[PDB]
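[1] Give me the fold of what follows.
(4 chains)
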There are 4 protein chains.
Amino acid sequence: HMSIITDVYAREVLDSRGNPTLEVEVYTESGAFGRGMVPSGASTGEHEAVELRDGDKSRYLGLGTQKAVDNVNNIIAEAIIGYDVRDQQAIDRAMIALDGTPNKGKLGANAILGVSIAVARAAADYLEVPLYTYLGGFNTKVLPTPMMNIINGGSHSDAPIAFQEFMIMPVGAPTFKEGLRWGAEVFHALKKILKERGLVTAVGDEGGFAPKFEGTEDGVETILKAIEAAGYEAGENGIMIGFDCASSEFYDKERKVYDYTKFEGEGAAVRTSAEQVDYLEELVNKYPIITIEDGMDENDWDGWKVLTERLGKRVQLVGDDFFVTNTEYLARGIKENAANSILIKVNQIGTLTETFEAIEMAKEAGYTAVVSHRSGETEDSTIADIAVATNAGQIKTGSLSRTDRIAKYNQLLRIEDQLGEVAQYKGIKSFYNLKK
Amino acid sequence: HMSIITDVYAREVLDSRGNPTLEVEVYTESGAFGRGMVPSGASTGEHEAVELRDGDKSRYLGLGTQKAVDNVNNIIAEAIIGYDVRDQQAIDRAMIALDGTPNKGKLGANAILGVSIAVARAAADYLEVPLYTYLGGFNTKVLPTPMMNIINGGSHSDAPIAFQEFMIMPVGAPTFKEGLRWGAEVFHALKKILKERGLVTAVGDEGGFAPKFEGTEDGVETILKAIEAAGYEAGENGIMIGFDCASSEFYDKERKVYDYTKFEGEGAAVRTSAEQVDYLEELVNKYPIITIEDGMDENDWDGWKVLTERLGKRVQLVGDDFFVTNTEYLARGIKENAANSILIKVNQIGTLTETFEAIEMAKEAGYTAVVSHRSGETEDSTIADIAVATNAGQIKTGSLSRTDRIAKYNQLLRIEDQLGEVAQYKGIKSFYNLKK
Amino acid sequence: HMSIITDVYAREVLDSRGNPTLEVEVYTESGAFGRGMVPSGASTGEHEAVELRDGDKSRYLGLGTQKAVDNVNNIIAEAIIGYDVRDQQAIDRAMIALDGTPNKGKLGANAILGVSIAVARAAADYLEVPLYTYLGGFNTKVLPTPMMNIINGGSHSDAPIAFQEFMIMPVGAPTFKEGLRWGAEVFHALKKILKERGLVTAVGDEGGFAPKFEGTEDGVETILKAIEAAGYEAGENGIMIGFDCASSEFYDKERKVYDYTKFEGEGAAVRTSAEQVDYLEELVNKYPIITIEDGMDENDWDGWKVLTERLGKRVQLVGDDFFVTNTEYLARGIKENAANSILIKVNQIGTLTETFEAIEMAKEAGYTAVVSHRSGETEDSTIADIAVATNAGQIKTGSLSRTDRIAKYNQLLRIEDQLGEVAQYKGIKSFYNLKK
Amino acid sequence: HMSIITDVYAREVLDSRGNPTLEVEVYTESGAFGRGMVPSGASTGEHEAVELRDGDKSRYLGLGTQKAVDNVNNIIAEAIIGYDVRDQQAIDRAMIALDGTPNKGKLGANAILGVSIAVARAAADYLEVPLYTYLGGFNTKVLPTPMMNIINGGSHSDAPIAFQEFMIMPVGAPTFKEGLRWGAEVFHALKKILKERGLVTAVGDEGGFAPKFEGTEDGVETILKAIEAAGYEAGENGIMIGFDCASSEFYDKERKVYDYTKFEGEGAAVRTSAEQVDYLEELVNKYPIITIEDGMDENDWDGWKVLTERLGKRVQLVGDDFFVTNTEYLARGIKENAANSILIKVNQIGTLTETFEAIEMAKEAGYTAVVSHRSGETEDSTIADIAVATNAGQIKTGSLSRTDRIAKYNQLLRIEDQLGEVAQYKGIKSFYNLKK
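    Numbering: from 1, shown residues only, chains lettered A, B, ... in the order given. Sure, structure below:
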C-alpha cells in the first residue's frame, strides 16, 4: 500500500512584510513528500473565504496563526490519513463537508488551502513527473505573457494620483526569455531618470517605486521616456501599458459619484458613471493602453454594462473584487455582458479543485483568466505551474526587484528550458477576448 | 532506464464491414504494453489526411494494407526506438517531419495514427493510472450527453427522403446510466411499431433502421409515437430530436441551387439558399429539434452566414465537411461568424497532438466540440476516454444493437463506476453555445 | 502470499442486441487481473442451466441482471477470497456445492460462469503466458476450420424456406490467413448479385442477409453463383456448404410428422421420418454438402438411428438441442449410435471444468466437437482460445460483417502470427469422424 | 556503483535587485539530486576571488553570465563526472588545480562555487539526512543569535551621517522563536513612529529604512524609543545596539586622516587615528553598543592596534574588508593583536573546503566567526545550515520585510522544531571573545 497518506503536519512561519503565516507537510508510506505554505490575505463585508487569526494582542499585534495550526493537527489530519495521495477531488470534498459552513469559518480557509497544495505536490513526487504535467496533462506548452508593475499611486502613495498601479507588457518579443530582458532593461533605465530628477528610488510591497510625480499624466509620460531610453518601440510591435484603478475606493455611495478629491487636490473633478466612461475613453485614445483593471465600482453594474458596450471591442476589462474568484457572480457577469476577463486568487476560494472549476467556466464563455500574487508572499512558486498547466496565456507576478517576486520568473525560465522545441510564446495573439 | 521504448510492430487485420485495416503494438524495457488499431476512413474533394492502400486488384479488390505495415516496420520503428514513453508531443512532431508532406501521403495517415495511439496506452500502463486521467490531468469529471442514430435516409436508404439520418437525445435525465436506459426502451418500442405496420427490421452499418417511409414527416411522427409509447415527454424536460443533412449530395454546383429531386420524387422542390433557411426554420417551428449538421453545402459560405443569423441562437449548427477537423478552416469560420459547433474525427487529422489543439481553439471561441466515429470500426474504445478527459459534454457513436457501437457505451458505464460521488452529467446545460 | 485471490466484483452491462448482461472482475495480492463477461441465452422445459432475470417490467422489460450482481457481491465473493488463483477445479467445485441445486437456479448460471472465466484469465496474467497455453499445455498448434453463416430462413426470415441457416467452409485453402480472404471475397461478390436482383442487403443478429428468394433451391444456387463470381472451385479442392435445419420447430407431436406448411405455402409437403431421411439424401446427392446440423427432432431417437445408418459414412451429423452440452445425454447418444459430432456452448452448462470434461469424452468415442457463439454477444474473445487449446479443428463464429463476430477472427490471426513456423492448418483432413 | 556522479549542468537566472546570476544542478546514478545558485558579489582594489562576466554592452549593460555557464558545461563537467558524491574535499581541490591561478579568474569564482554547493546537497539527499548533520557530524545543537539591520547611512542614504548601517540583538531572550518575535515587534513600532513624524517608509536592498535624520544621535535615540514602545529593556538583559562603518570611504589615503566632510556638512570633524578611538569610546560610554564592524581603514594596521588595546575587552571588533575571508590576513592579525572577530563571506573565497578552514583557525585563536550575506541574493537558504553545523552562535542576514531575508530566518525555525528538547540558544553567552 505505498500511495497511502501516512501523516500531515503544520507549523507557524513569517511572510514577506514580517506577519504570521502557515505551512503544512504531507508524507506517504514510500516516503514521497510535499510542502504547502499559504500567501497572506483577508477581507470583510464580502463573500470571500475567511482566515483564522488568534486575536491576542500580546503576540504579533493579534495576527498569529496558532488556532489554524491546532485545526490541522487535531481535526483535519485524523480524517485525511488513510486516503490515497492521488484522490484530490474526494480529499477536497471531504474537507468542505467537514467544515460545514458557507465561507469556511470553523476550520479557516488558510488551514484548508495548505493541506490542499501539499497533497498535490506529494502526488507529483510519488509519480516522478513535473507539477504542471501532474495538473494539466500533456498539451502543457504555452508560456504566459507577464504584466509587471513599475509605479504606484492612490492609497499606496503620497503623490497626487487617483489610480493604484501602472504596468508594462512586452507583447512584441520573440520568446519568454527575451521578453524578461526587455522588461529588465526598461526597469534599469527608469531608475537613471529618477536619479537625474531628484526623486525617491526605494520600493514598496510589490517591488516598484512610488515617487512625487506632478500628476496622473506625468507618471504615464515618464514610463514612455524610459521605454525610449531602453531602445525599444511603443505599441503592438514592442511594449504597451495597463492600469489598475481600484475605483471602488474613490466612490461616494450617498452622492452616487466618482470623486477625485480624495487622492488629488480641492481643484479635482466630480464625475458621474457616464463621465467615468468618457474619461477612460480619452486616456485610451491618447496613450498605448491595452488593458484596464476595475475602472467601475464593485456594484456599478449599470456602469459595467455601458463600459463593456463602449470599450470591450478594443481593450481588455478585468474584474477583481467585482467577482472575487467566485462562480455564482461570474455567471451573472457572463449573462449580463459585464466584463471580458477575470483575475484568479487561490486563497479567495480556498481549494485547488474550486480554482480550476472557475478557469474552465470563464474559458467556455470566451473570457480570459489571469493568475495573480497577493501582497504578502512566501518562497512558494506554485502559481507559475498553474499558469502553464492550463495554457492560460497571461500572468500578474509583480515588479523586477525582490525575491518574493523574482522566484516566479526564475521558475518560468526552467519550464521554458525543459520544454525545448515544444515551447510556445504568443505575444499579442494571447488576447482571444479581443481579435474576435 | 525503465521508461524507454524497446520495439514497435504492425500487422494487417479486419474492420467491421469486413475490409482490411491496420494494428500497432508498443513495448518498454520494464515490459509495459499498449496496442492501437485505426478506424477505416478516407474521402475525396477536400483536404482530409490520406490513407495508404495497395493498388493490387487480386487481393481484397485493391483495399489491402501491406505497404502501410512496411512503412511502420521498416522506417517508423527505427526513428522511435530509444524515446521515453511519456513524451507524446515530441514523438508526434517527429513522425510529421519524417513524412515531409502536407497531406501525410508518403507514409500514410493510417500508419501515423496507430503509433500515436499505442504510445499513449503504454504510458498509462507504465504509470498505473486510468487513460482519461493520463490524457486530461486530475480535474476530469463530466460524462457526455449522447446523440444516438435511430432512422436513415438519402443515399443510405431507398425511401424518398433527402436527409441522411435522424437522432434522439435524453436531455431530461439525472444520470448517464438512466439516459442509456431511456435510449434502449425507445429503440425497442419503435421495432414493435415497425412490425405491426409490416415494415423491415434488419439494421444498417450503425445498427439503426431504414424502412420505406412515404416522406420526412412520417419518419418524424413515427419517432414521436415511440417516445409516447415508452412513456417520456418530447422537449427540454425529456427527449429532443436531431437531423443530419449530407446537403452537398443534392446541391447543384453549376445551377447553384438545392435540388430535392435527387432523392425525392420528380415533383419535389428546387430551393435557393434563402429558401433553405425558410424551410429549416419551418421544421424548427413545428418540431422539438435541438441540433442540425451540414445543413448547407461545403462551399456555400454566404448561405452559412444567413443560416447562422436566422437560427444560430435557437439551435446548434455543426460543421463536418465544412471543416474536415482542420484549424485553417475553423479559424476562418470564427473570424467570419459562420457556425457555432465542430465535429472531430481523429483519423481526418492523424495525431493525438493535433486533435487536442482543435478541441482547444473551439472552446475559446465559445463553440462546442463533438467527438465522433467512422463507418468502418473496431473493438477499440479510445474515443470515450477522449470525451471525459476534456469534460466536453457530447458524443456521437451510433445506435443500440451492434458491438462496434455498444463497446463505446460500455466504457462510459465503467468510468462512472470509478468516479463515484464526484461524477457529473449536465443534460440540457451542455449547450453553452446557446442558452445565453 | 502473492497468488492468493484478494477480491471479486460484478456490475450490469449491455450485449449486442441491447439487452442487460453481466461482467465480473478478479484481483490477486500482487495485482494480477482478469475480466469475465457472459454471452446471453436462456431456455425452459429442458435440463440446460438457468439464468436469473429481475422480472420487474419497470426496467428493461423485466430483463435486468441485478439479482445476479447481488449474488456475486454478497455470497460468492465471501467464500472465494483466500483461495490460490490457480486452484481452478477446486474453485469450480466449491461453487457447485454452494448453489446446491441440479440446474444452478439459486445463484444463477450467469453469475457462476463469469466468476469461472475471470479466475482463468487472472491466473494467465499472474504466470505471464498466453491463455491457450494456460488452458491446453504445449501441443497447442492447430488452427480451426471456420463455418461461416451467410443466408437465413425459418423463424429468422420472411422468405418461403424451412431451414434456419446456410453456411460456407473454405476447406481447400493452404492456411487460416488465406482461408479468411477466400471467405471474405465470396461475401463481397454475393452483395453485388443481390443488388443486381433488387433484393434487401441489410443484416440480422449473426451478421448475414435474409432476402425474399423464390425457395430453398434458389437460395442454394445463388450461393454457388457467388463462389463462381469470386473465382474459386466448388467441392473438396475449394469451398463447400452446410445446413442447420433446426427441425424441432416444424415438427407436429400429435400427428408425429414433419410439416413444411409453417414456413412454406399451403402446397408444401407432409413427411414421415422415413421421408425426412429420403429428402435429406436427395439434397446430399445434388450439391457440394459436407455437414447437417439437427435434421431430426430432439426426441425422434428412432429417426436419429436411421439417419446415422443412411448418411453417417459420407456427411457430418451434428447434435445441438439434442445433447445440450450435457454428458448424460451424450453417453446414450454414443451408446445407441445417434450422431457423429456435438456443438459446445459454455453457458448451457456454466463452468469451465464441466465444458472441458465434455470435449474429452466426445473425442474418445471418435466424435468431433465444434465450439460456438450465442445470438447476443460481447467484446469477449475467450472461445477462440478454447478452440486452439484443445486442437479441436472446427469453429462456428458467425458472418463477415459485425464486430461481435469479427473480433474472434482477429484474435485467431494473432495466434497464427505468434505460433509462427509451428502453426498447422488441416482443411479437409479435419474431418476424422469421416475418412475412417 | 549507485553513489557516482553521472551529470552536471548550468543555466543563467536573476538575483534580487534584478541582474544576471548562475545556477548548477547535479545527479547520481541512483537518481539523488541537488541544485546550487550563487550570490552576486565582487569588489576591486583587494584580493577577493574574481567573478567572470561577459563584456557585451548590448545585453543587461554587460552584466551577463554566459561565458561562466560555458566553463561549467564544456570544462568542469568532464573533469567531475565519475567521482563518488561523498568526496567533497577531493572535488574542491581538483577544481582549484584545473583553474591554475591564485584569484580563480580563468574559470570564474562564480562557476567554482555553484558546483561546490550542488555536490554537498546531492550527498545529503543520497544519505537521507539533514544538511547540517551532513556538514557537521552528529554534535550539532546551537541556534545562532541574530544581528538584524534596521537603519542606513553613508553611501546608502541621503541623511548627513557617515556610518553605513545600524542593528539590534535580542540578547535577553530564552529561545530563537522568542528573539525573532521581539525583532518583529520593534520593526513595526519604529514604522509607526516614522509615519507620525512625516518621514518615508519605503525600504532599501536589505529591507530596512533610510529616512532623512538630522544626524547620528537622532537615529540612535529613535531606535531607543521603539524598544521602550514595544516594552523591552535596553542593555545585556534585553536588546543591544550595533554599528557598521564603511570607514575607508571617508578616510583620506594622502592626508592620512578620517574626514567626515565626505558625507556630512562642511563644519564636521577631521580626525587622526587617536581621535577616532576617543570618538568611538565616547559613543560606547554613552549608549548600549555591543559590536562595531570595520571601525578603522583597511590599511590602518597601527590604528587597529590602538582600537584593540583601548576597547577590545569591552566590545566586539569585526574585520570584513580588513581580512576579505583570507587566511593569510587573519594569520597576520592573530600574530599582531589586531582585532577579536572575523566576517565570513562564502563567495569571497570560492569553495566549501576553504570556508571551513577559515572558521576553524579563528576558533583556535579565541575569535568569533560571523556568517554573512551579499547585497544581491536568491531563494537559496544554505548559510543557515552552515551556522548550526559549526555551533558558531552568530548570523548576519538582514531585516524583517523582504523574502530574500525572511527565507534564511524560516530555515532556522525548521531546524529548532526538529532538534526538539536537545536544542540551545546561548544569548549573551555567545561573546566568548569577551566576558573573560
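[2] So the nearest residue to residue A:269 once chain neighbours are set aside versus chain D, what's the distance?
    Excluding its sequence neighbours, the residue lying closest to residue A:269 (C-beta to C-beta, 6 or more residues apart in numbering or on different chains) is residue A:260, at 5.2 Å. All C-beta atoms are positioned from the backbone trio N, CA, C, and that covers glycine. Applying C-beta to the nearest C-beta, to the nearest Å, the value for residue A:260 to chain D is 24 Å.
[3] now residue A:254
    30 Å.
[4] for residue A:208, what are its contacts?
    Contact analysis of residue A:208 by C-beta atoms under 8 Å, 6 or more residues apart in numbering or on different chains lists A:149-152, A:165, A:398-399, A:401.
[5] and which of these is nearest to residue C:129?
    Nearest to residue C:129 among the contacts of residue A:208 is residue A:398, at 60.9 Å by C-beta to C-beta.
[6] Quick check: nearest residue in space to the closest residue to chain C within the stretch 251-400 of chain A, chain neighbours excluded?
    Chain C sits closest to residue A:353 of the stretch 251-400 of chain A, with a gap of 27.0 Å, by C-beta to the nearest C-beta. Leaving aside its sequence neighbours, residue A:353 sits nearest to residue A:92 (C-beta to C-beta, 6+ apart; 4.3 Å).
[7] I'd say the one you found and residue A:117 touch.
    No. If you go by C-beta atoms under 8 Å, residue A:92 and residue A:117 don't touch, sitting 10.8 Å apart.
[8] Which residues are in contact with each of those two?
    residue A:352.
[9] returning to that earlier point: check the gap between the residue nearest to residue A:353 and residue B:422 for me.
    In this view, residue A:92 and residue B:422 are 10 Å apart by C-beta to C-beta, to the nearest Å.
[10] So these two - more neighbours on which side?
    Remark: of residue A:92 and residue B:422, residue A:92 carries more neighbours, 23 against 15, as counted by other C-beta atoms under 10 Å in any protein chain shown.
[11] In which helix or strand does the more buried one reside?
    helix A:88-99 (DSSP states H and E).
[12] What residues of that helix count as buried?
    A:88-89, A:91-92, A:95-96, A:99 (16 or more other C-beta atoms under 10 Å in any protein chain shown).
[13] cool, and stretch A:215-227?
    Buried residues in stretch A:215-227, counted by 16+ other C-beta under 10 Å: A:216, A:219-220, A:222-223, A:226-227.
[14] cool, and stretch A:127-136?
    A:127, A:130-136.
[15] Just put those in TSV and tack on distance to chain D and secondary structure.
    Formatted as TSV, these follow (distance: C-beta to the nearest C-beta, whole Å; DSSP: H, G, I helix; E, B strand; the rest coil):
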residue	distance to chain D	secondary structure
A:127	14	helix
A:130	14	coil
A:131	15	helix
A:132	18	helix
A:133	17	helix
A:134	18	helix
A:135	21	helix
A:136	23	helix
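[16] Relative to residue D:338, which of the contacts of residue A:208 is nearest.
    Using C-beta to C-beta, those come closest to residue D:338 at residue A:401, 39.1 Å.
[17] didn't that closest one look like it was pressed against residue D:18?
    Yes. With contact defined as C-beta under 8 Å, residue A:401 and residue D:18 form a contacting pair (6.0 Å).
[18] Quickly list what's touching both of those two.
    residue A:187.
[19] The stretch 101-250 of chain A: strands as residue ranges?
    Using DSSP state E, counting those that start in this stretch, the strands of the stretch 101-250 of chain A run over residues A:142-143, A:145-146, A:148-152, A:165-169, A:240-244.
[20] Ramachandran coordinates for the closest residue to residue A:258 other than its chain neighbours?
    Among residues not flanking residue A:258 along the chain, residue A:271 sits closest, at 4.3 Å (C-beta to C-beta, 6+ apart). Dihedral pair for residue A:271: phi -130, psi 130, per degrees, to the nearest 10.
[21] Residue A:289 now?
    Per degrees, to the nearest 10, the backbone of residue A:289 is at phi -80, psi 140.
[22] For it, name its beta-bridge partners.
    residue A:241 (DSSP bridges).
[23] cool, residue A:12 as well?
    Beta-bridge partners of residue A:12, as defined by DSSP bridges: residue A:22.
[24] show me what contacts it?
    A:20-23, A:64-66, A:69.
[25] just to revisit the earlier point, and of the strands of the stretch 101-250 of chain A, who's closest to residue C:283?
    strand A:142-143 (72.8 Å).
[26] Run the contact check for the closest one versus chain B.
    No. Between strand A:142-143 and chain B, judged by C-beta under 8 Å from any C-beta of the partner chain, nothing touches; the nearest distance is 10.0 Å.
[27] correct me, but residue A:362 touches residue A:343?
    No. Under the criterion of C-beta under 8 Å, residue A:362 makes no contact with residue A:343, lying 10.5 Å away.
[28] report the longest helix in chain A, please.
    Longest helix of chain A, by residue count under DSSP state H: helix A:176-196.
[29] what about dumping the CA coordinates of that one to PDB?
    Extracted in PDB, the C-alpha atoms of helix A:176-196 (Å, rounded to 0.1, in the frame of the first residue of the first chain):
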ATOM      1  CA  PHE A 176       9.600  34.500 -22.800                       C
ATOM      2  CA  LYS A 177      13.500  34.600 -22.300                       C
ATOM      3  CA  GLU A 178      14.000  37.800 -24.500                       C
ATOM      4  CA  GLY A 179      10.800  39.300 -23.000                       C
ATOM      5  CA  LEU A 180      12.200  39.100 -19.500                       C
ATOM      6  CA  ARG A 181      15.300  41.100 -20.700                       C
ATOM      7  CA  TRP A 182      13.100  43.700 -22.400                       C
ATOM      8  CA  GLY A 183      11.300  44.100 -19.000                       C
ATOM      9  CA  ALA A 184      14.600  44.400 -17.000                       C
ATOM     10  CA  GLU A 185      16.300  46.900 -19.400                       C
ATOM     11  CA  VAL A 186      13.300  49.300 -19.100                       C
ATOM     12  CA  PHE A 187      13.400  49.000 -15.200                       C
ATOM     13  CA  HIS A 188      17.200  49.900 -15.100                       C
ATOM     14  CA  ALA A 189      16.600  52.900 -17.500                       C
ATOM     15  CA  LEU A 190      13.700  54.300 -15.300                       C
ATOM     16  CA  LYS A 191      16.000  54.300 -12.200                       C
ATOM     17  CA  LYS A 192      18.600  56.600 -14.000                       C
ATOM     18  CA  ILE A 193      15.800  59.100 -14.900                       C
ATOM     19  CA  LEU A 194      14.500  59.400 -11.300                       C
ATOM     20  CA  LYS A 195      18.100  60.000 -10.100                       C
ATOM     21  CA  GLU A 196      18.600  62.800 -12.600                       C
END
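[30] relative to strand A:148-152, how tilted is it?
    Angle, helix A:176-196 to strand A:148-152, by axes from the mean of the first three to the mean of the last three C-alpha atoms, to 10 degrees: 20 degrees.
[31] Report the angle between helix A:176-196 and strand A:165-169.
    Using the same axes, to 10 degrees: helix A:176-196 against strand A:165-169 is 140 degrees.
[32] hmm, who's touching helix A:176-196?
    A:143-146, A:148, A:150, A:168, A:170, A:173, A:200-201, A:209, A:211, A:222-223, A:225-227, A:229-232, A:239, A:399-401, A:409, A:412-413, A:416, A:423, A:425, D:14, D:18, D:59-61.
[33] how about that helix: buried residues?
    Neighbour-count burial for helix A:176-196 [16+ other C-beta under 10 Å]: A:176-177, A:179-190.
[34] Is it correct that residue A:67 is in contact with residue A:54?
    Yes. Using C-beta under 8 Å, residue A:67 makes contact with residue A:54 at a distance of 5.8 Å.
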